Amino acid sequence: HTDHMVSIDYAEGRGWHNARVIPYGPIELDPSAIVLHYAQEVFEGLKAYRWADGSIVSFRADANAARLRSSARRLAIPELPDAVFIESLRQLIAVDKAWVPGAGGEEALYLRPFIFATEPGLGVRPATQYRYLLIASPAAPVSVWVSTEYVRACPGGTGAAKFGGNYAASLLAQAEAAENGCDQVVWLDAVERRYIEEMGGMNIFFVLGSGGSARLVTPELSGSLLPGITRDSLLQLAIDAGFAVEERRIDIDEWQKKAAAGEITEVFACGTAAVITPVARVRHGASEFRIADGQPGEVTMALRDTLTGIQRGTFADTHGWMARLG
Amino acid sequence: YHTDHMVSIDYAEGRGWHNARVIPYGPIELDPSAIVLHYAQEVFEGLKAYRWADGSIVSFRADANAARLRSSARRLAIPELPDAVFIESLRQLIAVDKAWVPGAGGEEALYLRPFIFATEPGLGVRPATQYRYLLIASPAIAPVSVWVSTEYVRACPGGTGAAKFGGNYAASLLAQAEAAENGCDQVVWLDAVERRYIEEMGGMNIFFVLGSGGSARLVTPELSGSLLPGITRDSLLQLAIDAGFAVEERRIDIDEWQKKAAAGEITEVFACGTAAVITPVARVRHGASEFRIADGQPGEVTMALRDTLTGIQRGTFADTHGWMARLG
Ligand SMILES: Cc1ncc(COP(=O)(O)O)c(CNc2co[nH]c2=O)c1O
Ligand SMILES: Cc1ncc(COP(=O)(O)O)c(CNc2co[nH]c2=O)c1O
């Protein structure tokens, strides 16, 4: 973690107030603070990048701001205004700027904005007191384990929110994966236990065919998986590069069948931390199957090169995704 | 409000659960990266301590809570707190804060809140290697109306609904607001997959009474894997059998509830749980539909069971099943 953190308080009637930059250090809670009992909390994640001209920039921070608000609404948490969200990013970079790594490769500074209920009380109801903190931390094909025993979120629930509870529910599967020598978990839909949703901390894309004829398929926003900002961006970039894209349902049977037939030629996972991570093989119960030759796919690495290029300030930001933080 | 003291126990991978100690009730500290603040790795319980006429403090089925906290812990990848350490923590707090247990023998008792949360600093999504357990205490039949949630779902099969886990409660807060907006006091939740089978209330299990007198049948949702196996629920099923009522655990459709209530087949409805013991349900809102349960008054079977269970917990009715045990 870096040297400082940004703290902001909420009190009913007063709104979000008392924003201040303080050292990174322990915080205090009443034993009956609602977050310790009923998990009323939401969070975000995004990076600060250093550019060649010496500036520090963010990638689609406005999207994170709005998503923290969408998550907060689902959890009955008062929304942090986008302007205050953005300003907290600027405040932290101003004091901890030396922590942002050099330009220009994979290295960046990870920013963790988060909100938790602090009001003391064992009644099960939305809190009237909260805290927001902003902290910072300095920041290869994988195998995936299909979870059949566990479900992470369901329609009408909290899966489209970045809510701590979704991650808690995933811990046992994430241990069961490692016990099968897999790197990550792919989650299936709650209702029919068939349709691909997402991985534990990433969205998932499928490449079908190859060359100019190659096209992208990704699970549609079901209501129970996260609308990732990397996912959103890659949809836009694929369209920019002339790839057909389909947001639709795809189940594990279609995945296995089309991979075996060689129609699915690449699979990749995407998210803020790794940008894009190739998926080489899949374990589904007793069976295992490989994606193509198990190596990083052509479209996979082309999209990754485009997106990291924009983020590092090497390639034109045609969508106006980058903004200055310091 | 809270009593004077709390019990604190730490978990670390070399020591396991250790350093159990009675300390004043007061603020606790967490690293900003403590896993509970990001990924909600936490579970909890709730039970009461009762003062009896003879001066003793007793627990009701505290062994059941000890085991359920372990079951909850297991589902949330939390190292289990041994049952003996759980029971001892109840005894430790009652020993110093006994004077806080209210007088015998009405509705008043001392509510106990055992709870575990992840304290290890780290932003990696993995089970914590460090936890804290706290035990805190807090001093503790009007019919209610219920709103059937059709828009929100509280837990998923394959999920965490059979565990007493903070995240189930977090997920439920938005629906509880829609209920108030429609005049109702509590929320009834339906199953995730088919959006039609009755699960439970936000903090209580639900029962239906069919018919009347000795031939009445007590009906309750079967354990689905996504609703909480309430200890009050478990006890009332036994008490119903003791009394000679037929009991049925099964899947019950929401469209069956209103239909049988309107036909006079469902004669009573109630909710049960640690805090209120039994709360009669008078009225139900489901979408546009609204229906009443009989005359809206507490039902005969409802109050017979409530009187028996409260009687056992206050020591005035014979404890045939050995549910009551000395705390201090
Ligand atoms: C469940 C889940 N799905 C998808 C994603 C990808 O979302 P994106 O990053 O906005 O593209 C994340 C990562 N979300 C996080 C982003 O930064 N830290 C995170 O935990 C996630 O936790
Ligand atoms: C979702 C849910 N279902 C059912 C119940 C009833 O469970 P029982 O009390 O064991 O009969 C509770 C209350 N659980 C609590 C028991 O004490 N404090 C509580 O929050 C609950 O929170």
Side-chain angles (χ1 to χ4, degrees), chain A residues 37-38 43-47 59-60 63-64 67-68 71 110-114 122-124 137 139 152-153 158-164 166-167 169-170 184-185 187 197-204 219 224-234 269-277 307, chain B residues 38-39 44-48 60-61 64-65 68-69 72 111-115 123-125 138 140 154-155 160-166 168-169 171-172 186-187 189 199-206 221 226-236 271-279 309:
Chain A
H37 300 263
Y38 311 126
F43 75 105
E44 269 302 331
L46 71 161
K47 287 195 278 200
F59 169 81
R60 305 195 65 184
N64 296 92
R67 192 171 70 184
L68 191 68
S71 300
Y110 184 76
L111 306 181
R112 169 56 61 86
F114 59 120
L122 302 183
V124 174
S137 179
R152 179 173 190 285
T158 57
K162 199 153 175 58
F163 154 59
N166 301 333
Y167 299 85
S170 301
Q184 305 198 16
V185 178
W187 294 92
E197 295 255 276
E198 53 182 351
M199 302 186 189
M202 299 181 93
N203 294 109
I204 182 167
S224 60
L225 68 89
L226 195 70
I229 293 163
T230 315
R231 171 196 187 278
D232 190 87
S233 308
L234 292 172
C270 65
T272 293
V275 190
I276 282 175
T277 297
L307 183 48
Chain B
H38 300 264
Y39 311 129
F44 74 103
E45 271 296 334
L47 64 167
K48 294 169 167 181
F60 170 78
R61 306 199 66 177
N65 299 87
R68 193 172 65 182
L69 188 68
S72 297
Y111 182 75
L112 308 179
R113 169 55 62 88
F115 59 119
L123 298 188
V125 190
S138 180
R154 177 177 193 281
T160 55
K164 201 161 171 56
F165 153 61
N168 305 330
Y169 296 88
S172 69
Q186 299 209 356
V187 174
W189 298 88
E199 290 259 85
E200 60 183 345
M201 324 290 219
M204 297 181 91
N205 295 110
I206 186 169
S226 53
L227 66 92
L228 192 70
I231 290 157
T232 316
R233 172 196 184 283
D234 182 281
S235 308
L236 288 168
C272 60
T274 291
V277 190
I278 283 178
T279 297
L309 185 48

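Just follow the structure's listing: the first ligand is 1, and inside any ligand the first atom is 1. Just so it is clear: chains get the letters A, B, ... in the order the sequence lines come, proteins before strands, and each one is counted from 1.
The part of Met202(A) lying near ligand 1 is the backbone, judged by heavy-atom distances below 4.0 Å. Only the side chain of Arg152(A) comes within 4.0 Å of ligand 1, judged by heavy-atom distances. By the criterion of a heavy-atom distance under 4.0 Å, the side chain of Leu226(A), and not its backbone, is placed next to ligand 1.
Residue, atom and distance of the protein heavy atom nearest to atom 7 (O) of ligand 1 are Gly228(A) CA, 3.4 Å. For atom 18 (N) of ligand 1, the closest non-hydrogen atom of the protein is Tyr110(A) OH, 2.4 Å. The nearest heavy-atom contact from the protein to atom 22 (O) of ligand 1 is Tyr167(A) OH, 2.4 Å. Among all protein heavy atoms, the one lying closest to atom 2 (C) of ligand 1 is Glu198(A) OE1, 3.6 Å. The protein atom (non-hydrogen) at minimum distance from atom 16 (C) of ligand 1 is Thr272(A) OG1, 3.3 Å. Taking atom 11 (O) of ligand 1 as the reference point, the nearest protein heavy-atom neighbour is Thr230(A) OG1, 2.7 Å.
Ranked by closest heavy atom to atom 8 (P) of ligand 2, the top entry among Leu122(A), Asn168(B), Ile231(B), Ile206(B) is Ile231(B). Of the listed residues (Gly203(B), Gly273(B), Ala271(B)), the one carrying the non-hydrogen atom nearest atom 5 (C) of ligand 2 is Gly203(B).
Close approach of ligand 1 to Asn203(A) (heavy-atom distance below 4.0 Å) involves ligand atoms 4 (C), 6 (C).
Taking all atoms of both residues into account, the shortest heavy-atom contact from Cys272(B) to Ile278(B) is CB-CG1, 4.3 Å.
Going from atom OH of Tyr110(A) over to atom OG1 of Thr272(A) covers 6.5 Å, rounded to the nearest 0.5 Å.
Using 4.0 Å as the threshold, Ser235(B) has no heavy atom nearer than that to any atom of ligand 2.
Considering both main-chain and side-chain atoms, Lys164(B) comes within under 3.5 Å of ligand 2 through a nitrogen or oxygen pair.
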